[PDB]
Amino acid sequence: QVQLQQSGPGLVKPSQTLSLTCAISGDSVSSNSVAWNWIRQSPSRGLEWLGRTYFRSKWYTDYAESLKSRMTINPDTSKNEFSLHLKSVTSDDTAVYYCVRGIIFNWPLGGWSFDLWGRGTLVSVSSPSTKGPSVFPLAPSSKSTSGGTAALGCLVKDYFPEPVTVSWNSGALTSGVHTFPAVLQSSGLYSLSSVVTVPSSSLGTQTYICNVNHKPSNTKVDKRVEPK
């Protein structure tokens, strides 16, 4: 079926231009029965439609009235993609940005619905430079016969900006994982923990690795967590 692959920088300096691209597989950027949209989301402003482009024997674009001067959406038929360019950004433009397919089911009687949404790209509008995290183990301690459950984890400390992603055993360990929201420290760097509960009996036999990926800094860390 259809995949919407998003790309572009997670960090943009104030007053500079925020650019993102959506590469489509399984549908056509120039199909005359859909439209291609950008929508963003922030905790303050909620969901905000930004604009769309679509082809009906020629290309059209429509932008949100509040952004009509600052934005441009450009389709690329040779790569089957479309991109967003938002000029003169401020911290009000810090958001998760989604590329989104619009469709009218049962046209011409129907109306618009947003039926496919990409995974979304967090963009932070901020001046500091990127910094990769230090990754420290949270070791299970004296929990080898303490009820059969051991908690272990990774402390992911002193990175900028968000986000980091954490997996366990390269995605093979998912049940019992809790990865917490990051907190911003007084240094202006983020810190996050990811924990998992495992059978105490397995600590001697099973290897547990947290895989930490910080895309803005091209940092990847695999940290083995072992008992004390």
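From 1 onward, residues are counted along the sequence shown.
Higher mean CA temperature factor, per the PDB entry, when comparing 147-155 with 126-134: 147-155. Between 168-176 and 46-54, the higher mean Cα B-factor belongs to 168-176. For the set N106, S113, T90, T72, the maximum C-alpha B-factor listed in the entry falls on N106. Highest C-alpha temperature factor among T121, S83, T94, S78 per the entry: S78. Among the modelled residues of the chain, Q1 sits in the highest third by CA temperature factor in this PDB entry. When the CA B factors of the chain's modelled residues are split into thirds, the value for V198 lands in the highest one.
When the modelled residues of the chain are ordered by their C-alpha B factor, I209 lands in the highest third. The PDB entry assigns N37 a C-alpha temperature factor belonging to the lowest third of its chain's modelled residues.
Per-chain ranking of the deposited C-alpha B factor places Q185 in the lowest third.
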